[PDB]
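Given next, in structure tokens, is a single chain: the form deposited in one PDB entry.
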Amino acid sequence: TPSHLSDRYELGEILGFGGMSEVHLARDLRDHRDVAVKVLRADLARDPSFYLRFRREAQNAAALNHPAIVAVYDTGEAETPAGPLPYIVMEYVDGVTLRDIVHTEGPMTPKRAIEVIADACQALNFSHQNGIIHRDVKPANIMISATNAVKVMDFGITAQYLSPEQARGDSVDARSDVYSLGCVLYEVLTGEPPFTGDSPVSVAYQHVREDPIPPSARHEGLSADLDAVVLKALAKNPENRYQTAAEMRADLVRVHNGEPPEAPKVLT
């Protein structure tokens, strides 16, 4: 895989592999800065499907300026000994994604989890302000730096993180992001997503039919007040969940600070 492509970026160590890309720590030679480069895998690149899937999700990833949002810098596709390799250049986050944490460290401590997801609401909310719906909220798209800073990425453009309105092919709004962010919060508190199945279609059915089991019913140490917040964000009807990311944050802040949520009590 490439030592130095674009003649502008010198790719370094692999920071990690995602479902369809290797992410390198490159060095921007022109602006003299450390940067992250997400390159489509060479094996998946000789497959027009993935090539186009990456190429689409590359020019469509929103570039926003926010301390909690990963800034996109460049996009392109250089010729390498493996054909073209589409790539996206972005802010280097020294840390891991929530997925990495869930599958290595395990379930986060409630207060820390509440903080992380509260900080993600800040980014989601700012995005909503600019009229941009993320519509792809999941653990692998939310990062935590070495300085505990929350960095969210891939705005614009995942089987068990989609909203009932997404699973029905309907429209998508701020409330849709709330539901998905709620799924991330659920998993990060308990250890597993709200809904799991033997096939994507199974999970999609569970999303728009089956109710979520209270987080505390799945993991030890989770307050009932936390159930209220989580489960409200997982409400099937958009009008039942939080209307804005700020609203959800306002409620996480309360639970965090040992205050009663404005979310309907989870009873029986």
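Think of the rigid core as the biggest set of C-alphas that the two forms share within 1.5 Å after superposition. Residue positions are given as counts along the sequence shown, with the first one as 1.
Count the deposited residues lacking coordinates between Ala149 and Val150 and you get none at all. Across the two stretches, 243-251 and 13-21, the PDB entry reports the greater mean Cα temperature factor for 13-21. Stretch comparison (55-63 versus 218-226) by mean CA B-factor in the PDB entry places 55-63 on top. Annotation for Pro193, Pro110, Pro164, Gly182: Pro164 ranks highest, by Cα B-factor. Of the candidates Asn125, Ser176, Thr158, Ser145, the PDB record gives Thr158 the highest C-alpha temperature factor.
When the modelled residues of the chain are ordered by C-alpha B-factor, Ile101 sits in the middle third. The deposited CA B-factor of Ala78 belongs to the highest third of values across its chain. Per the PDB record, residue ranking by Cα B-factor puts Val35 in the middle third of the chain. Per the deposited record, the Cα B-factor of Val172 falls in the highest third when ranked against the other modelled residues of its chain. When all modelled residues of the chain are sorted by CA temperature factor, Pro86 is found within the middle third.
Quick note: we don't show the form deposited in another entry, though the next part is all about it.
For the residue set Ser145, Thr196, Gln129, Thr80, core-aligned C-alpha shifts between the shown form and the other one reach 2 angstroms or more at a single site, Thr80.
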